[PDB]
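S.K.:
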Amino acid sequence: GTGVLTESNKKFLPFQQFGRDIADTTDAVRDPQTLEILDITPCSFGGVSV
Amino acid sequence: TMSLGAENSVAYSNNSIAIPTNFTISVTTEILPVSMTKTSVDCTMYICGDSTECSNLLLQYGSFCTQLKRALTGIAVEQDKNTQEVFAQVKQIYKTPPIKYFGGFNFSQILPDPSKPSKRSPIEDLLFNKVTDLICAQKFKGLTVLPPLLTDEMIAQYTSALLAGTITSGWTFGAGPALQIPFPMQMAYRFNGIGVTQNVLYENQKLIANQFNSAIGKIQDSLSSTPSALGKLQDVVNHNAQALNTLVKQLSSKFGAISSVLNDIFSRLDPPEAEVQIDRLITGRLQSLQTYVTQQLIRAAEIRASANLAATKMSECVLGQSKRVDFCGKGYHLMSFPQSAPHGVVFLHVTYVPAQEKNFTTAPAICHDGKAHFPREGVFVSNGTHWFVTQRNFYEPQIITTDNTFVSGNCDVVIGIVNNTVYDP
Amino acid sequence: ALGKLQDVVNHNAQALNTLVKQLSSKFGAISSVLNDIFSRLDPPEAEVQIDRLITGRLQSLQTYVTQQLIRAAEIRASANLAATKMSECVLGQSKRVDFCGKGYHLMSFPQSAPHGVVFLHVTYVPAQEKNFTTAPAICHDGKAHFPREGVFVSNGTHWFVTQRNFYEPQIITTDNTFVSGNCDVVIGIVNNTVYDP
Amino acid sequence: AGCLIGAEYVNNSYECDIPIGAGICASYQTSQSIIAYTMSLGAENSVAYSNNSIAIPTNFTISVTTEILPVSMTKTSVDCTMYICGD
Amino acid sequence: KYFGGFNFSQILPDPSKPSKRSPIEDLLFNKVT
Ligand SMILES: *[C@@H]1O[C@H](CO)[C@@H](O)[C@H](O)[C@H]1NC(C)=O
Ligand SMILES: *[C@@H]1O[C@H](CO)[C@@H](O)[C@H](O)[C@H]1NC(C)=O
Ligand SMILES: *[C@@H]1O[C@H](CO)[C@@H](O)[C@H](O)[C@H]1NC(C)=O
Ligand SMILES: *[C@@H]1O[C@H](CO)[C@@H](O)[C@H](O)[C@H]1NC(C)=O
Ligand SMILES: *[C@@H]1O[C@H](CO)[C@@H](O)[C@H](O)[C@H]1NC(C)=O
Ligand SMILES: *[C@@H]1O[C@H](CO)[C@@H](O)[C@H](O)[C@H]1NC(C)=O
Ligand SMILES: *[C@@H]1O[C@H](CO)[C@@H](O)[C@H](O)[C@H]1NC(C)=O
Ligand SMILES: *[C@@H]1O[C@H](CO)[C@@H](O)[C@H](O)[C@H]1NC(C)=O
Ligand SMILES: *[C@@H]1O[C@H](CO)[C@@H](O)[C@H](O)[C@H]1NC(C)=O
Ligand SMILES: *[C@@H]1O[C@H](CO)[C@@H](O)[C@H](O)[C@H]1NC(C)=O
Ligand SMILES: *[C@@H]1O[C@H](CO)[C@@H](O)[C@H](O)[C@H]1NC(C)=O
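Protein chains in written order, with the UniProt record's numbering: chain A, 548 to 597; chain B, 696 to 827, 848 to 1140; chain C, 944 to 1140; chain D, 647 to 676, 689 to 745; chain E, 795 to 827.
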């Protein structure tokens, strides 16, 4: 997918690898190389009014 | 088994009448929704966001999202017009004079407080503090809340201008120019509008002022204690949430496909067989969004009907004195004061309620010299021995003279005629 | 000016226009033409290719109908409001403020228009107002006199009684005011002499 | 509401023409260009209220106001054998 | 039930029937199926 990846404060568990949301979408992930809780978030979007 | 009320047996006779001997100034409250939460969905991001393959396939399903966006824009414009047609009824913002002595009536609970940074009345503070993440977990999937045009400060200024015009001028600032008038005379006019004479107010001004102040003070306690008073507005805040969160829950449904994630379908299967798996999700999500829009249409229609009712009440109860029963309060409507609230308006109806009734002997007419004397404005009562004439809303016994009754024919065809002498000055 | 009548002509037209635009869409099929699908494919697959189009067109027509229902409900509400105004503003003189025109309602005239009614509300707006010194009541010989129908005003030196909508100064006499109690409990009492014809 | 680029924010408040949101409203004013500003609710009037003063009108005017109200729409009918299945 | 000469027997509830309805309400309920 696409989005912004930032450092998250979600206290994941050693066996937990992903993280869902209300709409069954992945909010946070774990980098397989270095153990770190990321945060998947799309960039800015909205409506263009002329 | 639920009770339908108490049991009252009003004694009905051909000769007795109940005349009220005192009165009460009751301030009731009425809550009316005006606007909703303007929401705007996204065409592609809700159906399939962060996916370039589905963005190309969604274009072959007609211009459904365009119609949905048009309907949402229409709903937003309608909710803005609903707020503009209720509070913005005057073209001149009035101001309260520095001296706040209006005869004895204390309006400190409804006038705006300049010390507070919100510039709202103490009642509006409780109204806004009792009507209350999910505002960021829904934005990332198209659900966007548009801010209203008229902010809370502008609605507060509109309500303050309406209150100033009602206190200083009365009902003259709604018809034409604002005509200044002392508040005791305005209250005397309000009393004359329902039948009570001006002397009843001018001789009991302190009692009426004390009753009005006590009712205004008890209104704050009633609104602060009971949490279900501001419910009709909270429902508008609740259902809208149920209209959004559920619309989010529809993104976790597979609609007969293998999964609810389009990335997992595009990565595993090839497009030739992923088309049929993506079409079910697209159709299901489009149908869910269409259902959301067609329900929000009915909700906006109901809210527009409520806003029209609130505007009619603002025009008939605040800008004047309506004689419609149970429209501007329960009883003899005296006046009304508007206040703002989150997506709603609160009308404080000041009403005249009779009390402490007493039983007297009545008669249709009297004749002194063989000619029936009918009351010009009032009713004939008796105290057991003498006959007096009093109005239909307050016991004020007066002698029967020639200027209080008119002659019409002889007293031979009327039923219930009693002989009594009249006075001639 | 005639915009409210134009909108119901525009949206309705749009309600048809989009209803046609849903006929050129595939709804997930191979095309939007029936004969092309029946000629390029086999009857076994023709059903699975045409049922999607049938369902899409059925859903479009159902959406059109369920939107026209709400539109007809709004039009029915507006027509009920117009009928109430015709019965109250034209057939009589209603005292409802901001219902039969901005100001003191005098009369109303109905006019027809394409799918609509235009009410010309003839009203009464005061103007050229001026200030006066008012008083709740007056007492001549120890008995308060309250105005029967009007208001006591003053021009600086004399006191008159005028109606509440037009400045018509009249001499305060015994037939313009009524006596009710003494002038001891009223706030703002001013002494002034009354006339008796 | 968001980020508005293309119009300058003037401090004086005029009558709102093109509503934007949250009190901000745009218009095309005077070289002429598009400006944005906080909409004005009306004129700041102050009634000289007093215990003894009353405003009595001395004349009047008869004015005719116009109110447009829709009554009906265009009756539309559709058929199944032609809209969905063309011949 | 002497109200001056007006007979409200057709609108007041009749205690004879067990339904405790007025003579007009009987026809109102017997015409809506
Ligand atoms: C009038 O009312 C009284 C009390 O109900 C009743 O006794 C009397 O009969 C009534 N009038 C006549 C003359 O019927
Ligand atoms: C009227 O009511 C008030 C408040 O209940 C009371 O103080 C006053 O004495 C009453 N006056 C009469 C006429 O009984
Ligand atoms: C009005 O009420 C306020 C409290 O909100 C009080 O401080 C003030 O003294 C009162 N004024 C009068 C006229 O009694
Ligand atoms: C009038 O008489 C009736 C008789 O039933 C009584 O119930 C009622 O309280 C009386 N009203 C007063 C307070 O005079
Ligand atoms: C009736 O009123 C007259 C005049 O006020 C009074 O003199 C008389 O005592 C009253 N009678 C009763 C029974 O109250
Ligand atoms: C009223 O007075 C007349 C003349 O005195 C008399 O004939 C008549 O009987 C009286 N009626 C009543 C109600 O007493
Ligand atoms: C007040 O009115 C009286 C009678 O019309 C007139 O004689 C007098 O001059 C007036 N005074 C002023 C100051 O207008
Ligand atoms: C009215 O007249 C009385 C008696 O002459 C006097 O005591 C009172 O002060 C006067 N009031 C005014 C308003 O001049
Ligand atoms: C109105 O009356 C109050 C109380 O007597 C007084 O404080 C105030 O100054 C008066 N204002 C005027 C003269 O309009
Ligand atoms: C009332 O207004 C009309 C029109 O302006 C004017 O001709 C007339 O003289 C005015 N009358 C008064 C009383 O000023
Ligand atoms: C009232 O009407 C009923 C029939 O409707 C009749 O039997 C009865 O006698 C009437 N009573 C009176 C007051 O005449």
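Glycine is no exception: its CB is placed at the ideal position from the N, C-alpha and C atoms.
Using 8 Å for Cβ pairs, my map puts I720/B next to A930/B. What's the rounded Cβ distance?
M.R.: For the purposes of this step, residue 720/B is taken as the residue at position 25 of the second sequence. For the purposes of this step, residue 930/B is taken as the residue at position 215 of the second sequence. That pair is a contact at about 6 Å.
S.K.: Per DSSP, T734/B is paired with what?
M.R.: Stepping through the second sequence from its first residue, residue 734/B is reached at position 39. Looking at the DSSP assignment, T734/B forms a beta bridge with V860/B.
S.K.: Pick helix, strand or coil for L1049/B, following the three-state DSSP scheme.
M.R.: Start at 1 with the first residue of the second sequence, and residue 1049/B comes out as number 334. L1049/B falls in the strand class under three-state DSSP.
S.K.: Compare the Cα-Cα distances from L948/B to each of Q1010/B, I1018/B, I1013/B, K969/B and report the closest residue.
M.R.: Position 233 of the second sequence, counted from the first residue, corresponds to residue 948/B. Checked all of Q1010/B, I1018/B, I1013/B, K969/B; the closest Cα to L948/B is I1018/B.
S.K.: Who are the Cβ neighbours of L552/A in its own chain at under 6 Å, not counting the five residues just before and after it?
M.R.: Your numbering for residue 552/A matches position 5 in the first sequence. Excluding positions up to five away in sequence, the list reads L585.
S.K.: Note down, one range per segment and in chain order, each beta strand (DSSP E) of at least 3 residues found wholly within the region 1056–1112 of chain B.
M.R.: 1059–1076, 1086–1090, 1094–1097, 1102–1105
S.K.: Can you give the Cα-Cα distance for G1099/C and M900/B, rounded to whole angstroms?
M.R.: As a working note, residue 1099/C is residue 156 in the third sequence. As a working note, residue 900/B is residue 185 in the second sequence. One C-alpha to the other measures close to 20 Å.
S.K.: Looking at the structure shown, is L727/D part of a helix, part of a strand, or coil, going by DSSP?
M.R.: Along the fourth sequence, one-based indexing puts residue 727/D at 69. Strand, per DSSP.
S.K.: Quick check: what's the CA-CA separation for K1028/B versus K1038/C?
M.R.: Locating residue 1028/B in the second sequence gives position 313, where the first residue counts as 1. Locating residue 1038/C in the third sequence gives position 95, where the first residue counts as 1. When rounded, the distance between both Cα atoms is 14 Å.
S.K.: Please report the straight-line C-alpha distance between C743/B and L977/B, rounded to a whole angstrom.
M.R.: For the purposes of this step, residue 743/B is taken as residue 48 along the second sequence, with counting starting at 1. For the purposes of this step, residue 977/B is taken as residue 262 along the second sequence, with counting starting at 1. Roughly 7 Å separates the two Cα atoms.
S.K.: Would you check whether ligand 8 has a heavy atom nearer than 7 Å to the C-beta of residue 909/C?
M.R.: With chain C running from 944 to 1140 in the structure shown, residue 909/C is simply not present.
S.K.: Using a beta-carbon distance below 8 Å, is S974/B in contact with chain D?
M.R.: Within the second sequence, the letter at position 259 stands for residue 974/B. Not an interface residue.
S.K.: For a contact meaning CB atoms closer than 7 Å, what does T874/B contact in chain C?
M.R.: Here the question's residue 874/B lines up with position 159 in the second sequence. Within 7 Å Cβ-Cβ: nothing; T874/B doesn't reach chain C, min ~17 Å.
S.K.: Ligand 7 and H1064/C: does any heavy atom of the ligand fall closer than 7 Å to the residue's C-beta?
M.R.: The residue labelled residue 1064/C in the question sits at position 121 within the third sequence. No, the beta carbon of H1064/C sits no closer than 7 Å to any heavy atom of ligand 7.
S.K.: Spatial neighbours of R1091/C within its chain, please: C-beta separation below 7 Å, excluding the five flanking residues on both sides.
M.R.: Walking along the third sequence from the start, residue 1091/C turns up at place 148. For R1091/C, where only same-chain residues beyond five positions count, the Cβ hits under 7 Å are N1119, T1120, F1121.
S.K.: Would you verify that the beta carbon of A903/B is, or is not, closer than 8 Å to some beta carbon of chain D?
M.R.: Start at 1 with the first residue of the second sequence, and residue 903/B comes out as number 188. With 8 Å as the cut-off, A903/B does not count as an interface residue toward chain D.
S.K.: State the beta-bridge partners of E702/D as determined by DSSP.
M.R.: For the purposes of this step, residue 702/D is identified with residue 44 of the fourth sequence, where counting begins at 1. In the DSSP output, where bridge partners are listed per residue, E702/D has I788/B.
S.K.: Which chain C residues are close to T732/D, counting only those with a beta carbon under 7 Å from its beta carbon?
M.R.: The residue you call residue 732/D lines up with position 74 of the fourth sequence. In chain order: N955.
S.K.: Please decide whether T1027/C counts as near chain D, where near means a Cβ-Cβ distance under 8 Å.
M.R.: Against the third sequence, residue 1027/C aligns to sequence position 84. By this cut-off, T1027/C is not an interface position.
S.K.: So, with DSSP's three-state summary, where would you put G889/B?
M.R.: Within the second sequence, residue 889/B is the residue found at index 174, counting from 1. Correct three-state label for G889/B: helix.
S.K.: Taking 7 Å as the cut-off, does the CB of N709/B come closer than this to any heavy atom belonging to ligand 1?
M.R.: What you label residue 709/B is simply residue 14 of the second sequence in a count that begins at 1. Yes, the beta carbon of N709/B sits closer than 7 Å to at least one heavy atom of ligand 1.
S.K.: Within 8 Å of any Cβ in chain B, is that where the Cβ of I1013/C sits?
M.R.: Start at 1 with the first residue of the third sequence, and residue 1013/C comes out as number 70. Chain B, which has a Cβ nearer than 8 Å to the Cβ of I1013/C, makes this yes.
S.K.: Does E654/D come out as helix, strand or coil in the three-state DSSP assignment?
M.R.: Taking the first residue of the fourth sequence as 1, we reach residue 654/D at position 8. Note: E654/D maps to strand in three-state DSSP.
S.K.: Which residues, in order along the region 710–744 of chain D, keep a beta-carbon less than 9 Å from a beta-carbon of chain B?
M.R.: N710, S711, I712, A713, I714, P715, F718, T719
S.K.: Please confirm if the region 1069–1081 of chain C is in contact with the region 882–902 of chain B, defined as three or more CB-CB distances below 8 Å between the two stretches.
M.R.: yes
S.K.: In this structure, does DSSP put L1024/B in helix, strand or coil?
M.R.: Reading the second sequence from its first residue, position 309 is the one you call residue 1024/B. Reduced to three states, the DSSP call for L1024/B is helix.
S.K.: Tell me whether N1098/C counts as near ligand 7, meaning its Cβ is closer than 7 Å to at least one heavy atom of that ligand.
M.R.: Taking the first residue of the third sequence as 1, we reach residue 1098/C at position 155. Yes - ligand 7 has a heavy atom lying nearer than 7 Å to the Cβ of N1098/C.
S.K.: Determine the chain B residues that contact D1041/C at a beta-carbon separation under 9 Å, and present them in chain order.
M.R.: In the third sequence, counting from the first residue as 1, residue 1041/C sits at position 98. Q784, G889, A890, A1026, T1027, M1029, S1030, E1031, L1034, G1035, listed in chain order.
S.K.: Which chain G residues are close to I569/A, counting only those with a beta carbon under 9 Å from its beta carbon?
M.R.: Looking at the structure shown, chain G is missing, and the protein chains on hand are A, B, C, D and E.
S.K.: Please list, following the chain, all residues that have a C-beta closer than 7 Å to any non-hydrogen atom of ligand 10.
M.R.: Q1071/C, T716/D, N717/D
S.K.: Roughly how many whole angstroms lie between the Cα atoms of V781/B and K1045/C?
M.R.: One-based indexing of the second sequence puts residue 781/B at position 86. One-based indexing of the third sequence puts residue 1045/C at position 102. Straight-line Cα distance between these residues: approximately 15 Å.
S.K.: Please say whether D568/A and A852/B have beta carbons closer to each other than 8 Å?
M.R.: The residue you call residue 852/B lines up with position 137 of the second sequence. The residue you call residue 568/A lines up with position 21 of the first sequence. Against a cut-off of 8 Å, the Cβ pair of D568/A and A852/B comes out as a contact.
S.K.: Residues bridged to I664/D by DSSP?
M.R.: For this step, residue 664/D is matched to residue 18 along the fourth sequence. Answer is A672/D.
S.K.: When the Cα atoms are used, what is the spatial distance from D808/E to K814/E?
M.R.: Position 14 of the fifth sequence, counted from the start, is the residue given in the question as residue 808/E. Position 20 of the fifth sequence, counted from the start, is the residue given in the question as residue 814/E. Approximately 6 Å between the Cα atoms of the pair.
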